[PDB]
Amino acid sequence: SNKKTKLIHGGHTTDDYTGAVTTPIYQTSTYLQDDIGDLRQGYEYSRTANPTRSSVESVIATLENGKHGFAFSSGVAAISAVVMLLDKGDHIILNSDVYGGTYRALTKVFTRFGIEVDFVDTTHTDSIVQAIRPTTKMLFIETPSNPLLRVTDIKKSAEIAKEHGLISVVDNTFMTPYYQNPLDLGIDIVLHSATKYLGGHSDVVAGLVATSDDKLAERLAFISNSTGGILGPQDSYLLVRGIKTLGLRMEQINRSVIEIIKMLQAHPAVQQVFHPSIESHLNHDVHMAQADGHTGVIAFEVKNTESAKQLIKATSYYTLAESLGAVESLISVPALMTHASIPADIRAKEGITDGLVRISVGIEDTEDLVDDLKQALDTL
């Protein structure tokens, strides 16, 4: 029925055999066959299928309202598998500010295999239509994006993709299936870095993919089996376990996000704040139309590198580390940690200023997170 119930009872996460109320961890590579070709429960080799992996695959399919789930050894392994649906000479349209690892994979790996990519500003969906070439096969969209949280209209992207025969893909990592369901809006394939919110505890690197399309699912299964970027059973188990509390975690994070944004907007040492909940944010109305909650990632401007570093030193409850979606609140400086490759003038042009801070809101008490960040900002 409701979302918090579906998180607990959706998917197959018990043992039919013993009745165990959690998925057994099948730390195994192969399976007895009673006769040649007769598989007791359909398992024959863990790369092809593993019962613990099958459990987390059924969870993500259920939560995204798809039919088929796939678990990969990382988010970028999921992305790489989806890109390998295409051939040399095929073309992909992506949003201009995709995740750095996605940008790296596409422009430094798959470009050597002859896949062509263009990065366009998808906040206006007619820019997608202009970029469509005769060779375009795929539209790949993150929303909201990192680190400036640009929003793309998912449903219009799906219609454009359908009209032009494109496979549509949404990287739904930042919103999670608790708040945004791209398959319900016509998207062909949805994927996640489960390393972030889904696992939720900073202790699994994993990617998840769901689709309702039988033929796309069969092609993904073939690629997964052939290139072998499969999630292991122990990580599959920890993913299933972490997903149980996804709703509670996301709701705590959202309460804190609202209060933190009020504080940031009021504070004199903060300039621009980037988050889709802000009413003046581009495509705010579009985000509310396609999601019923918010990501915990917020970016905001302080004055310069020195203020950003002192902010980090002065906070007691914001932890300096890579990644997002932890139970701890995380803090980082994109210009130094994710975009330090880009020359400074182009960084500034894109809005990645020296004093741009990104926080990933965790599940600490709301008042503590607000008060801690405010008192640290007061030291500026």
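So that the term is clear: the rigid core is the largest set of C-alpha atoms that superpose within 1.5 Å between two forms. We number the residues from 1 along the sequence you see.
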item: More variable segment, 33-41 or 346-354 [Cα RMS over structures in 5 other deposited structures of this protein, core-superposed]; value: 33-41
item: Larger mean CA deviation from the shown form in 5 other deposited structures of this protein [core fit; 80-88 vs 94-102]; value: 94-102
item: Entry-level comparison of average CA B-factors, 215-223 and 265-273, reporting the higher stretch; value: 265-273
item: Of 83-91 and 305-313, the stretch whose C-alpha atoms average the higher B-factor in the entry; value: 305-313
item: Out of 69, 351, 51, 325, residue topping the C-alpha B-factor column of the entry; value: 351
item: Residue with maximal Cα B-factor (values as given in the PDB entry) among 198, 250, 166, 149; value: 166
item: Position of residue 104 among the chain's modelled residues by C-alpha B-factor, lowest, middle or highest third; value: highest
item: Residue 96, C-alpha B-factor rank within chain (lowest, middle or highest third); value: highest
item: Among modelled residues of the same chain, the CA temperature factor third for residue 41; value: highest
item: CA B-factor ranking of residue 141, expressed as a third of its chain; value: middle
item: Lowest, middle or highest third - CA B-factor, residue 153; value: middle
